[PDB]
Amino acid sequence: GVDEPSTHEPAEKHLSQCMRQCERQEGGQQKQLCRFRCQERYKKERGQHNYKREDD
């Protein structure tokens, strides 16, 4: 039990590790490959199934 709500989940950090490498790399094809791979691979690892689109 001992269940309690929280914010700033570790999931964005796993993505952060990727995007850290993705962003660090510079170019055309290289940039795009890390942009999706990091976004899709890590998003899936979250366990989330419902995608929501940020406004603005």
# chains A, B, ... in the order shown; residues from 1 in each chain; ligands from 1

$ select_by_dssp --residues "segment 9-50 of chain A" --states "alpha helix (DSSP H)" --output "PyMOL selection string"
chain A and resi 11-24+29-46

$ residues_around --residues "segment 20-25 of chain A" --least-positions-apart "5" --cutoff "9 Å" --atoms "only C-alpha atoms" --output "PDB file with C-alpha atoms, in the first residue's frame"
ATOM      1  CA  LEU A  15      13.828  10.535 -22.273  1.00  0.00           C
ATOM      2  CA  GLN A  30      21.185  12.203 -37.424  1.00  0.00           C
ATOM      3  CA  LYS A  31      19.009  14.814 -35.758  1.00  0.00           C
ATOM      4  CA  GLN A  32      15.751  13.346 -37.105  1.00  0.00           C
ATOM      5  CA  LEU A  33      16.693   9.737 -36.196  1.00  0.00           C
ATOM      6  CA  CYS A  34      17.338  10.603 -32.532  1.00  0.00           C
ATOM      7  CA  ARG A  35      14.312  12.940 -32.442  1.00  0.00           C
ATOM      8  CA  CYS A  38      14.075   8.926 -28.312  1.00  0.00           C
TER       9      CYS A  38
END

$ residues_around --residues "residue 51 of chain A" --least-positions-apart "4" --cutoff "12 Å" --atoms "only C-alpha atoms" --output "ChimeraX atom specification"
/A:39-40,43-44,46-47

$ atom_distance --atom1 "atom CA of residue 37 of chain A" --atom2 "atom CA of residue 52 of chain A"
18.3 Å

$ atom_distance --atom1 "atom CA of residue 54 of chain A" --atom2 "atom CA of residue 3 of chain A"
28.1 Å
